[PDB]
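In the block that follows, a single chain appears as structure tokens, in the form deposited in one PDB entry.
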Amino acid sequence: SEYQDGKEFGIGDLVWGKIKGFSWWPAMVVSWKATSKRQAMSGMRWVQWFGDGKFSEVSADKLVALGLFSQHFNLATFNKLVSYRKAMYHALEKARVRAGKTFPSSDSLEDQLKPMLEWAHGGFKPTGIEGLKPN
């Protein structure tokens, strides 16, 4: 009965989170019991940031679905920041596993990131954003 307030998103969803002074950052909605902090305020979600690992209380209106990738992926931040790329890898790796997608490889971080970024930017085909959903 957690996060049952009429707003969007639930435990396990992959999301873009927005905090003041940062780019849209990939996260996963978690339960407050995973944060060891406190119950989220009504209308809010606890998220865990990819690449970074910390927990934040974010309003459900300031979250969007990770599947809306092209609209929130930040090419400039991807170019100037290494942590963003690491976060891209870890978010898309959770995505790739949930969707049943596989990529040919044998490789540095950007080498495996290239086909994952292409997949995500192209719309997560053939599965779609529906294949991102938690189990």
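For every residue, the number given is its place in the sequence shown, counted from 1.
The same protein also has a form deposited with a small molecule bound, omitted here; what follows describes it.
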Exercise for the section: Identify, from the list 31, 56, 59, 74, the residue with a heavy atom within 4.5 Å of the small molecule in the entry with it bound. Expected result: 56
Practice task
Scan 83, 70, 39, 79 and let me know which has any heavy atom within 4.5 Å of the small molecule in the entry with it bound.
Solution key: 83
Problem - Contact test in the entry with it bound: residue 124 vs the small molecule, heavy atoms, 4.5 Å - result: no
Practice task
Evaluate residue 116 for contact with the small molecule in the entry with it bound, applying a 4.5 angstroms cut-off between non-hydrogen atoms, and reply yes or no.
Solution key: no
Exercise for the section: Answer for residue 52 alone: is it within 4.5 Å of the small molecule in the entry with it bound, judged on heavy atom distances? Expected result: yes
Handout entry: Contact of residue 19 with the small molecule in the entry with it bound (heavy atom, 4.5 Å)
Key = yes
